[PDB]
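This is the structure, below, for whatever I ask next.
Chain IDs A, B, C, D, E, F, G, H and I follow the sequence of writing; residue 1 opens each chain.
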Amino acid sequence: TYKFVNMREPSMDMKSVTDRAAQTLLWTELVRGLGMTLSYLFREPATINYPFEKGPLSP
Amino acid sequence: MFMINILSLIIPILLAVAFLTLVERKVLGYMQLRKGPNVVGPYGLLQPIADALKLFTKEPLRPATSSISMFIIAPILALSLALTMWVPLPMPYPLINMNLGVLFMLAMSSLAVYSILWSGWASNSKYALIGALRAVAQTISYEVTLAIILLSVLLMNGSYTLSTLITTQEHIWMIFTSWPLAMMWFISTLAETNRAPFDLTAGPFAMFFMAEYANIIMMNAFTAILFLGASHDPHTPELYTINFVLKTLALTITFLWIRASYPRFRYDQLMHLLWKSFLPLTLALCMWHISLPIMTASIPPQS
Amino acid sequence: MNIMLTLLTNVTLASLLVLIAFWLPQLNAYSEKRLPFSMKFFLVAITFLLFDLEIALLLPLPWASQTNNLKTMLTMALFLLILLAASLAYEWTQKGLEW
Amino acid sequence: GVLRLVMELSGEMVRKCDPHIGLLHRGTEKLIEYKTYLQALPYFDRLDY
Amino acid sequence: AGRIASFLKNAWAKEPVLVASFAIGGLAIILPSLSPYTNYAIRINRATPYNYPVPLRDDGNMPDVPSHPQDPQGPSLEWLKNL
Amino acid sequence: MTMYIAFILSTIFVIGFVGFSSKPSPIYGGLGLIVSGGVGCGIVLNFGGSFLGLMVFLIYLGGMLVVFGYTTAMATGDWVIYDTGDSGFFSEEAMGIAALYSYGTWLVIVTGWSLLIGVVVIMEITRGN
Amino acid sequence: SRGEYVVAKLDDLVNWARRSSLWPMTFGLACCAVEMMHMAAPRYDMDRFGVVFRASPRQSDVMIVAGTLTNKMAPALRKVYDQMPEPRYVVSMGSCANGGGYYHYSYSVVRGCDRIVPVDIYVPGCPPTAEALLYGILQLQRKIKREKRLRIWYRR
Amino acid sequence: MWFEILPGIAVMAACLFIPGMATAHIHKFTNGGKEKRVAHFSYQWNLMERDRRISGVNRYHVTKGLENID
Amino acid sequence: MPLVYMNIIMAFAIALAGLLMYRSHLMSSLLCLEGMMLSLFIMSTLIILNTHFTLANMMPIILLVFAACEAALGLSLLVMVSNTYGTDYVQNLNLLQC
């Protein structure tokens, strides 16, 4: 079995064209990326307090 | 007591520039699921001091063959212009009350490219000169649209006086009157200060760095004054100062956020961005903002 | 007088700080051991200059709007902006904005 | 990693690109000949980190 | 008819910046000739006194020239107050 | 009197012209021209021409001498003549310059045509072939 | 006396400033570079110690040799070292940079980066963990804290 | 957590407070407890010069009320 | 006519003479031309402002613009000449003679 990664054909009606134009002119995906980065700032960091804390090890 | 006022304008700007480096590190780290410097000082608060002392006690490297004159001249001009761009700003009272304050700021920003040109020329290498020429081209390209956007916005103000921007926005911000101009202004100030996604390029290095940062903070404060008009009480200016500082901080943090959110352009891509997307729209919106006050009979007072 | 003093103070501080930065590590002893000329860069410089001249013409617009001749002023301002757009269009269509 | 790249351009466009490699040639294939199969297994860990 | 609509459709896609810019510029060109408030702007500009209004020498033949600012004769700015 | 500050500025103007007119190392000539332009704009600003002096400072320095430096890097009795009255509630130079769009329609037309023709001309000259 | 007191205190301040902000340039020659980017990763976060990530050679304080040094690469590493401003330090990471390691008897491998540049800290491993390299960096910080330049200058 | 960023920001905030605030206070100190007079357009400057002349102490901000009309 | 006008005229004369000397480097000829422009701008602005000739406040800017345009043209020509010889030296321009 195989899968196609980039074989979509954009819709050509007025509504889809206007959605794409609004994305182009109003920067929707850029604001979406900003929103993703904003979420990360508010969550707990992964940093441990070396040398007072040590990374996990095994026998 | 004018000298004391000049000093109280100069020194805190440099201190805020020093601590902006720390914020830039902390904010980027926390957006990257880590922390910024938290060891040097109680909260990394002494990290800028350690950086400054380390930078000033390192060996400096002269080219030994380049023009030492322009080599020392460039950082002087950069830092002097960076500090000079602060005198007309009303927060809420300017240090110097200029009639044409906005034009003066535009002129200083235009002068700011001589430092890039002279550093590239005094580098005594072909590759550094190529980089300098690329940076100069980007800077001039984007200051074109900065000027056009700025006068198109000022057409609602009535003059070039920065103090009248407070009066124009007494009831509503200018962001609501013209947001597209604000978006292009924000992106053009990002490209003007060579900040990501437009960053294609010991002692004098620190001097240049301070100037770049001072320019970032000043540009964000100018943006806040232009488009986010704080309400000013003539009997309590501290309220205006607090509002203006908070908005400036928000915009600077947004600059860091953008640096942490996106890849960077190619040189041709940002050149095309300006010349083929911002300039046509900027011209169209300049025509619109020329026509609108006449159309709606809403011409500002001063002449 | 105030602005000259402000410029003198700014330049003086920048000069003092630069010179001390350049001379503090110079007192302690140490080891102490082409052609291309791309035409497109010149073209973009010249294009910026021409658009700068047109912007210079546009600059008196904030004062131009109190004249009692609003129709003539609006016509001439729109004429200059359309002229700017025409320059941009001609440079665009003649492969003048490429890399 | 470590990479040397000799290329000629006509302005912005790349006209010819020539990569120079061997800045990380350790001679693993010849060293393998002096080890047993078990001893030569760990080299393949290092081939692609 | 069909060609123009198809061209506008194919320009709104893959070139929306130019379509928006041309639309805004064309509106800026056309609309001022159609608005009813531009004459009000001209009148407001005419009603701003930048110079001193030099009085006229009375010769007994000026019914429409007031003798005092509070006299009803002369231009009025009630339309400005109501705006 | 500040020892004829206008005369001092004019003398610095002339000295900068002497410096850059010897034509040594065209980059240094450009630096001399930059200093001279700054001094001249200072003269105009002190004379009372705020907008015109700032226009020198912006257009001349920021664009034109900048393009000059770009291209070079690519290669190898005062105070008495003044008036007595005031201007009113406006600046006379700003009103005169703003009269360009109402009075100087012919000037606007010819200048715009010349600028567009300049764009066309520059491309033609540099087209090469 | 005060003459030596002031130099002791000033040397303490200068050492604290130098150590508390270490800007490393990295020679990511081989797989030890992976563990170094892992020491730059969120879990360990070298930047929180004042050690920025990927500084330029002309504004670097310490060089980290992480990987094997081949005979084809040695001149470039020496040149990059020579460009570095002083004071400068070198941290050798992993067996390959320490003494040749798994390729010690090879015709094309430098048997230790200390044949080329003087080394201040040797971090052993193949590869050293991110924690091991962090320990080496903090050990370099202590080594810098130990030094005393103003005292030596005053006593000569 | 993220409020570890707040101290440094706060520090910078205080720095950015110093210029603006300072200006106002100087403008209160050198102008007799009032805002510094704005003098554009050369008519306001004429008013300032007249005030300075009639103040009697060569300072424009010393205002003369109806007590001075005699 | 005070001495400030004398100084501006003298600066124009110095720039004109330097343009006429032509030591080398045609770019220096362009620099002398534009210094001449700057002197003209300063002097005309001084005269117009002094006499309160309001409508003449347009004149300096116009001159500025036009002169700058010519400067652009000059630069272009210089560039083209370089593409023929590699240097903008004056003495390369001797193909045509009297």
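Just so we're on the same page, contacts are C-beta pairs under 8 Å (C-beta built on N, C-alpha and C of every residue); 3 or more make two chains touch, one makes a residue touch a chain.
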Shared chain contacts [subunit E and subunit F, defined touch]: B, C
Each chain counted as touching subunit H and subunit I at once: F
Dominant chain pairing [most C-beta pairs in contact]: F-I
Chain at maximum distance from subunit A, centres defined as averaged CA atoms: I
Identity of the chain that, by mean CA position, is farthest from subunit C: D
Central subunit by CA centre of mass proxy: B
Geometric centre distance via CA averages, subunit E-subunit A, whole Å: 49
Separation of mean Cα positions, subunit H and subunit F [Å, integer]: 35
Interchain centroid distance [CA atoms averaged], subunit D/subunit E, Å: 74
Rounded Å distance between subunit A and subunit F, as computed from the means of their C-alpha atoms: 51
Interface hub residues of subunit I, defined as touching at least two other chains: 61, 64-65, 68-69, 72, 75-76, 79, 82-83
Touching two or more other chains - residues of subunit C: 30, 37-39, 41-42, 45-46, 48-50, 52-53, 56-57, 59, 61, 63, 66-67, 70, 74, 77-78, 81-82, 85, 99
Junction residues of subunit B - those touching two or more other chains: 27, 29-30, 32-36, 38, 44, 57-60, 95, 99, 103, 133, 137, 140, 202, 267-268, 276, 280, 283, 287, 290-291, 293-294, 299, 303
In the complex with subunit B, residue positions of subunit A that touch it: 27, 30, 33-34, 37-38, 40-41, 43, 45-47
Touching residues on subunit G, where the partner in the complex is subunit D: 27-31, 33-34, 67-68, 70, 72-73, 76, 102-103, 105-109
Parts of subunit C lying in touch with subunit D, wherever the complex brings them together: 36, 38, 40, 99
Residue numbers on subunit I that touch subunit F, as the complex places them: 2-4, 7-8, 10-11, 14-15, 17-18, 21, 23-25, 27-28, 30-32, 34-35, 38-39, 41-42, 45-46, 49-50, 52-58, 60-62, 64-66, 68-69, 71-73, 75-80, 82-83, 87-88
Partner subunit C, residues of subunit F touching it in the complex: 55, 58-59, 62-64, 67, 70-71, 74-75, 94-95, 97-102, 105, 108-109, 111-113, 115-116, 118-120, 122-123, 126, 128
